[PDB]
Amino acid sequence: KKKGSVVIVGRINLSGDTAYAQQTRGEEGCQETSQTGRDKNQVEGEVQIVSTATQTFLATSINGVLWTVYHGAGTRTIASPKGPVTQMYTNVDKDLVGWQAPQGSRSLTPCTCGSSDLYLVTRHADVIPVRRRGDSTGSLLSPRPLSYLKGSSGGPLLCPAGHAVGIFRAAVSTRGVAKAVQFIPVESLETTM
């Protein structure tokens, strides 16, 4: 047996004045696309909603690279119009993986603002205010149950300008309440690159 490819099943629309999620592919289609690695669907935007046979999470475009977490993706190839695409970046120590950004997608610019007022984008297209607390952490202004954040790993942390500050990695949870988030800083990405 072989593991399937990661498959783009949707995206987070941040184009207009309203953030909302869009599904671009259903479950049977996903199942098939994962097996073949052949995905002919048009890709749009910065924030992709992705899937394996077993898990669903997010993937983010930064500097022409579609980024996600190792815990979600493993070493899996990504489904594309011309077949499975091998990872160009793999880092288990950082819970980080990357593939060449798919044609049609748009990439976010790495932040150079040195600013601590951030915004987390969830799988549900919720825009969550986060205050930066260190190189890798940030507190939620309004804490949420873990449930609310689940499946958002691989999504972005944005600055007020819209620059990418980082990739959501793990939640800081106490007795099911998430008071903070842990992320992969964009500098780590730039370094990997």
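Residue numbers here begin at 1 and follow the sequence given.
J.: Which has the higher mean CA temperature factor in the PDB entry, 26 to 34 or 156 to 164?
T.: Looking at the recorded C-alpha B-factors, 26 to 34 comes out higher on average.
J.: Higher mean Cα B-factor in the deposited model: 140 to 148 or 127 to 135?
T.: Higher mean C-alpha B-factor: 140 to 148.
J.: According to the deposited entry, which of 91, 77, 115, 100 has the largest Cα B-factor?
T.: Most elevated C-alpha B-factor of the set, per the entry: 115.
J.: Among the choices 181, 184, 177, 9, identify the one whose CA B-factor in the record is greatest.
T.: The listed residue with the largest C-alpha B-factor is 177.
J.: With respect to C-alpha B-factor, does residue 72 fall in the lowest, middle or highest third of the chain as deposited?
T.: Residue 72: CA B-factor falls in the lowest third of its chain.
J.: Which third, lowest, middle or highest, does the C-alpha temperature factor of residue 14 belong to within its own chain?
T.: It falls in the top third of the chain.
J.: What third of its chain's C-alpha B-factors does residue 61 belong to: lowest, middle or highest?
T.: As the PDB entry reports it, the C-alpha B-factor of residue 61 lands in the middle third of its chain.
J.: Divide the modelled residues of the chain into thirds by Cα B-factor and specify which third, lowest, middle or highest, holds residue 48.
T.: Lowest third of the chain for residue 48's C-alpha B-factor.
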